[PDB]
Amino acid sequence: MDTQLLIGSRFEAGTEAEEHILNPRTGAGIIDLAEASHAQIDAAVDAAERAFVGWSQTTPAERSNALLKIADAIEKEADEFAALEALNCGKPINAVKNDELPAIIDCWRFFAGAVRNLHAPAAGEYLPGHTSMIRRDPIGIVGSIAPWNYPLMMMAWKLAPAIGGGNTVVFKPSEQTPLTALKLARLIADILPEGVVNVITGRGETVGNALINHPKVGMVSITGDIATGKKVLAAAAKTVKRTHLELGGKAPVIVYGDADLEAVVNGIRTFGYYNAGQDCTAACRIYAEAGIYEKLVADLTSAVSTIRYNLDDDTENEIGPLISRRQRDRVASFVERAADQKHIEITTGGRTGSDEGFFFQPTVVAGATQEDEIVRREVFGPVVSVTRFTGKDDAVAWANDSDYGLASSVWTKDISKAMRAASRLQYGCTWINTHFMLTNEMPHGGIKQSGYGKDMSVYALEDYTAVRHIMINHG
């Protein structure tokens, strides 16, 4: 098992308080990993600093080939990466083998292409006798923090564009899911020059905080919850660091009277619950039109109750557990408060789903209002709420009356309603007659309280570069 922090030339174990990496299926310990010391953080940033000298001066072709190699490396060990990510997070193995790894590998490969393909306004004489041109240069040293929900994927989202942009990076995985990142570190170490990627581990309160507050770091990119985005943003206020923030969502799913209701029910069954709802695009806040509302609640209830989790044979599991006990408790807590509200019904699930480990019952919350906490607040759990709306009600406006703005979907056979919703929804993403489907060419990222900056697509790479104007006078 790979246990060591990558710092410049060398691998070394932690020096600080150990963290208890648990297997969330059963609650048992996998390994104990010591956090990086402040000194260890300092040397990582330093190795990133001295590596930026050479790395920022590389050609796009040089950087692109590096990324292709990284992709080849992950591809070779795809099965091992999967199993190790299935252990760390208790994700069903086949969902990881089939869904995550190939997207991950495809991502490294997308960015190999994107690197050699940036555009800008054309070079020429905008002023007489002066030739202007636009470049995109590196920014500096990037401090990157990933969450626990898709460890290895998040790493790809954070590393590839920043490295591709000619930056150097100090990366910290979530305190509970450092495993795939340390295995990756090893392969990366063989491919990149020393210090272009450095990987430290530890708790956010201590290791995260020191990284985002380190004076040498010019950009900080985080994916997590709002609380932490605010901390990052407050820390940036000190030295005017660039920020890249993806802070979660509460994806509205507008279901009109004329939707293919069978496909809707199947869409929410998969995409409301995948990764036990620990996905920031989860199909979780549903708006059902008056006519189909009762039909939907029942049909979905029936569908959700059949979702398989925690079986002995992992190939038969559709859903894994929540990452930790604190996280399950947080989910249990949200639901309990909702079930307390007299106008709400819990039609299936609603309780803890596990003797050991951190499973929760796939849950359906019916009859929730725009005013309910369950509708206003990210639950990040296998939980879906349903809200009814009238013909007299603007379901798009209801959907836009939110703090979140990451992703959304609309279901209808109708063209007029599909297109009008798609033009008016205030969301980074809007799917029509599906949900959740990502592709590495297309940008992921929100507005409002979901934050700013993209992941995937050429825009991710534009976020990690600086536009520069060069103007030569013809004397």
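Start at 1 and count along the sequence shown; that's the residue number.
Here 111 to 119 and 249 to 257 are compared by their mean Cα B-factor, and 249 to 257 comes out higher. Looking at 160 to 168 and 379 to 387 together, the entry lists the larger mean B-factor for 379 to 387, computed on C-alpha atoms.
When the C-alpha B factors of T306, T243, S144, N400 are read from the deposited coordinates, the top value falls at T306.
Between the residues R63, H38, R424, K448, it is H38 that shows the highest Cα B-factor in the PDB record. Annotation for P92: C-alpha temperature factor in the highest third relative to the rest of the modelled chain, per the entry. Among the modelled residues of its chain, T348 has a C-alpha B-factor that falls in the highest third, as given in the PDB entry. Per the deposited record, the Cα B-factor of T363 falls in the highest third when ranked against the other modelled residues of its chain. Looking at the C-alpha B-factors along this chain, the one for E100 belongs to the middle third. In the deposited entry, the Cα temperature factor of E80 sits in the top third of values across the chain's modelled residues.
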